[PDB]
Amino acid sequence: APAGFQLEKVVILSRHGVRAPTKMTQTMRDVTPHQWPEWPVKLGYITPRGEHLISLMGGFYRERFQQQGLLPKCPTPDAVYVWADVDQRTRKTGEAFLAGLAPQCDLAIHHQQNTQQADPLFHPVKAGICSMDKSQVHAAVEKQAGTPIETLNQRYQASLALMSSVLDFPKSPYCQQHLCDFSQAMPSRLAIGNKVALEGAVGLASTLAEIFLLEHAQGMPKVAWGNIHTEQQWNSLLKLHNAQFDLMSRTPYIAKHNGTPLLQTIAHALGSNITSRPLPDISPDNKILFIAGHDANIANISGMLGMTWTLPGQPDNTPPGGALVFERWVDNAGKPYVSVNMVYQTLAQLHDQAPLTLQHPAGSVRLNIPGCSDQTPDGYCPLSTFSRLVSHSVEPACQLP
């Protein structure tokens, strides 16, 4: 931080930790002759190991926030607040974060009281806050791709060939029941206007690549049937996943519909004069706000703010436990600024369960907000400017009533 700057508040939008596959469909089973390995928990649940890996991040956050003078060297209950999505995986990630940040302090997490409905903070379109127009979705995704979607597979030939090899797709029951080239067999298509999906090879491979990454992060004895040997290969496979998220979650039209409530909540917590839905029982003296969500949430916020990144040592742009960390800093004369970093465990740190300390830290990338005309060279954006960007980026129809 520049000369005289002081950290005042932190807002962490974190993905949940290492989880089992959220689904295992007949198609997923049929695209390989290999057997998918069994997980120790129900579909979509965070594992005990994933909780531990989140706690290690909590421990890192504690050391960092102590160092920067924000936290004491148990915090007061007012100083730390957790809002988790209703899923087991997010709830337990919020708990695991507190177990690392403030061990055995019994700090509360919060979440929506009806866990049988979507939380509109995280899924406003699904919750029925607002809707999208089918023709505008189609147009926006095509523009984001810069190529017709029908030929998207051509752009990812190398990656799709590598997926095919890892799966042994030509030998699979799918190829037995239907040339059997992964890319040609499953052309990319957009399925749409409150439900939007990328169908075909890239969509499917995106899911599978993420599952392989989760297997590795879980320290499973056999990952992708032993077929992923190098970091290059991990990058090539996760490229498919990152691409699907660029199109389905970063595309500004979609990003603004699904991301508006979160961005308002984040902005308000940083000190913007943006309406946001108050979080129940939060203190005006709050110092750390931890929001436990999903990769789509991070990607939405990325899209809205025009923020892009690559993470050294981490093939997934939105890995389990990876978090956008927004910070309000003030200069010596009390002017507020916002910084944003994408803070994460490398693939190796996930696999090894590495302790994360000041000496051996989490990965961290400082993000540029391109529209922040008066940002400093080290990426500090005046709050006044940040607030204007937020005002321009939100979809008013999607603000939380």
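For every residue, the number given is its place in the sequence shown, counted from 1.
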Requested in this report: Answer with none, 1 to 3, 4 to 9, or 10 or more: how many deposited residues between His178 and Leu179 are not present in the coordinates.
Outcome: 4 to 9
Query raised in the report: In this entry, is the chain continuous from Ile192 to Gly193, or are deposited residues missing in between (none, 1 to 3, 4 to 9, 10 or more)?
Result: 1 to 3
Query raised in the report: So 102-110 or 304-312, which one's hotter by mean CA B-factor in the entry?
Result: 102-110
Query - Greater mean Cα temperature factor according to the PDB record, 63-71 or 343-351 - result: 63-71
Report summary line: Looking only at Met57, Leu358, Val338, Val31, the Cα with the top B-factor belongs to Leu358
Query raised in the report: Which one, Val223, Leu262, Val80, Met186, has the peak C-alpha temperature factor per the PDB entry?
Result: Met186
Requested in this report: Would you mind checking where the Cα B-factor of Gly293 ranks among the modelled residues of its chain, as the lowest, middle or highest third?
Outcome: lowest
Report summary line: Here the Cα B-factor of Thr230, set against its chain, lands in the third termed middle
Requested in this report: Please place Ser373 in the lowest, middle or highest third of its chain by C-alpha B factor as given in the entry.
Outcome: highest
Query raised in the report: In terms of the chain's CA B-factor thirds, is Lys92 lowest, middle or highest?
Result: lowest
Query - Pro21, C-alpha B-factor rank within chain (lowest, middle or highest third) - result: lowest
